[PDB]
Amino acid sequence: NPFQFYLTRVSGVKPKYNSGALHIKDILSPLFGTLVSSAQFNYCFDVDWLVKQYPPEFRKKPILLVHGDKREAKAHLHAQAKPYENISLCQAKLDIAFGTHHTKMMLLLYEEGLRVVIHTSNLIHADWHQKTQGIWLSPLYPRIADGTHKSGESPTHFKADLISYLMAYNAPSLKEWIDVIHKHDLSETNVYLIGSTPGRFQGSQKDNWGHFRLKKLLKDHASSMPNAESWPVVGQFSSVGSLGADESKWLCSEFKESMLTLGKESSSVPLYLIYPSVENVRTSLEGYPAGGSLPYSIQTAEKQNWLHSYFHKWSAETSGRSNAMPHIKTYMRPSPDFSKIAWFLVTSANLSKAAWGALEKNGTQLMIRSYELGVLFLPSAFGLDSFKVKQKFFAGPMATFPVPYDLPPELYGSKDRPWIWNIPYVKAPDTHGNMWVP
Ligand SMILES: O=C(O)c1cnc2ccccc2c1O
């Protein structure tokens with residue numbers, strides 16, 4: 001496959017559903033390269049667990065943890081890492097309230113080159129155990145010979161765009177990694193980088209991040225087809241922010257408008273949102289504790305009951321993962337019969353203004369609170385007009401894209417409710433025999 005899109009291993013499915021999945025131990029294995037140094041961008045860390053995932057012979061190589069924690073949380077993280085002399089930390093600045101550092105990325109510097117991994121999992125045991133998570137693996141990028149002058153750039157501008165993303169941190173430990181990236185040839189990259197960084201962007205910077213970045217890429221590198229208004233938009237996520245009192249405030253005005261862009265020319269497009277129901281969580285491999293990682297609060301939800309009429313159940317028979325709750329986030333544009341897609345995005349970004357940005361100042365400024373990162377698969381980047389949807393995720397056709405959940409998505413039933421993490425569920429017990437009492 002050209003796509004290099006993987007799911008994480010799930011404990012408890014049959015081996016045919018883990019063949020071609022990756023555990024973190026597989027990613028860090030010496031088979032992938034001889035590690036010299038690594039950077040782990042993430043949100044939540046279990047440092048003891050993390051060091052155990054590196055091969056024994058690599059466990060004292062330098063590791064940089066890039067995080068967003070402040071005050072006592074920051075103290076706790078430093079305390080976790082102090083036993084390990086080879087671990088340094090970088091606190092990403094979060095100068096806008098209610099922002100977080102959500103980006104999940106590994107930079108892996110080898111003897112043989114450089115690899116970039118953009119994924120959706122926290123660096124804790126439970127995120128790699130029984131959840132549906134996504135991984136994009138870069139090629140092995142070779143070093144550019146000392147004295148050679150070449151750009152090392154791809155047709156998707158990935159090298160410049162990744163450096164731009166790192167420059168936004170304004171951090172000395174990441175200037176070191178920027179210089180590493182400058183020294184390597186990333187020209188084989190066939191995905192586009194879509195990042196969010198905190199700030200207020202106007203003018204020439206408006207298109208750099210968030211949903212305006214997506215819109216710009218779709219305008220420039222995708223084509224509109226006849227009956228484009230019939231091609232749905234699908235969003236699939238593990239948390240929802242406060243989106244406003246009705247759909248016109250943000251979801252179906254600026255967000256959907258960005259996601260329905262195709263081509264350069266100037267809505268009733270169906271919008272499917274996939275988010276686990278209470279019954280999805282109850283009957284999951286983890287049971288109700290899976291809801292610990294689906295943090296939709298009742299305070300937020302009761303302000304926007306209009307939203308839930310868009311919600312569809314989690315179902316993933318195609319990858320044997322209907323009972324492995326999603327922490328992956330994906331967005332895509334299928335054809336009306338769900339047999340093709342015009343593009344696919346895997347990202348850390350949930351369905352929130354904090355992650356995707358919200359227009360301010362009379363439409364002239366895009367304000368983003370958080371760090372997020374994902375990669376966009378466009379048919380043009382692969383010499384194609386569209387992607388065929390792979391019928392079984394782990395089956396085997398070569399330019400068919402592996403969509404990890406079932407299509408068409410299934411609407412909530414009248415008795416279903418969206419998983420809301422801070423109210424009790426005591427009517428029916430979960431797969432481990434327990435109720436949920438927050
Ligand atoms: O990975 C993330 O982006 C993230 C961020 N905040 C979270 C808050 C509660 C539970 C899970 C969370 C999570 O999984």
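This chain uses plain numbering: 1 for the first residue, then up along the sequence. Each ligand, and each atom within it, is numbered from 1 in the order the structure gives.
- One option in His102, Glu372, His101 has a heavy atom closer to atom 3 (O) of ligand 1 than any other, and that option is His102.
- Between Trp419 and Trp436, the ring centre distance stays below 6.0 Å.
- For ligand 1, the polar-atom distance check finds no N/O of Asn350 at less than 3.5 Å from any of the ligand's N/O atoms.
- Annotation: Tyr371 is in aromatic contact with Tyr169 [ring centroid separation under 6.0 Å].
- Among all non-hydrogen protein atoms, the one lying nearest atom 6 (N) of ligand 1 is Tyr43 CE2, 3.4 Å.
- No close placement of the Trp343 and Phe377 rings is indicated, their centers lying 6.0 Å or farther apart.
- Counting atoms of ligand 1 from 1 in the listed order, those under 4.0 Å from a heavy atom of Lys104 are 1 (O), 2 (C), 3 (O).
- Looking at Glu360 and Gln365, their side chains do bring a donor and an acceptor atom within 3.5 Å of each other.
- The shortest N or O to N or O distance between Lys329 and ligand 1 is not below 3.5 Å.
- For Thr120, no heavy-atom contact with ligand 1 is shorter than 4.0 Å.
- Residue contacts with ligand 1: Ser239 is excluded, as none of its non-hydrogen atoms falls under 4.0 Å.
- Checking each of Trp136, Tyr192, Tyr165 against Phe158 for a ring pair (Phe, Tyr, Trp, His ring centres under 6.0 Å) leaves exactly one that passes, namely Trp136.
- Panel note: side chain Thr34, backbone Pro30; no donor-acceptor pair is recorded below 3.5 Å.
- Atoms of ligand 1 lying under 4.0 Å from at least one heavy atom of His327, given by number and element, are 1 (O), 2 (C), 13 (C), 14 (O).
- Without hydrogens or angle criteria, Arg321 side chain to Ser319 main chain gives a donor-acceptor distance under 3.5 Å.
- Between the side chain of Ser370 and the backbone N or O of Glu372, no donor-acceptor pair lies under 3.5 Å.
- Looking at ligand 1, you won't find any N or O of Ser293 less than 3.5 Å from one of its N or O atoms.
- Only the side chain of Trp421 comes within 4.0 Å of ligand 1, counting heavy atoms alone; its backbone N, CA, C and O stay farther away.
- In this structure, the protein non-hydrogen atom closest to atom 10 (C) of ligand 1 is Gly292 O, 3.2 Å.
- The protein heavy-atom contact nearest to atom 8 (C) of ligand 1 is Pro295 CG, 3.8 Å.
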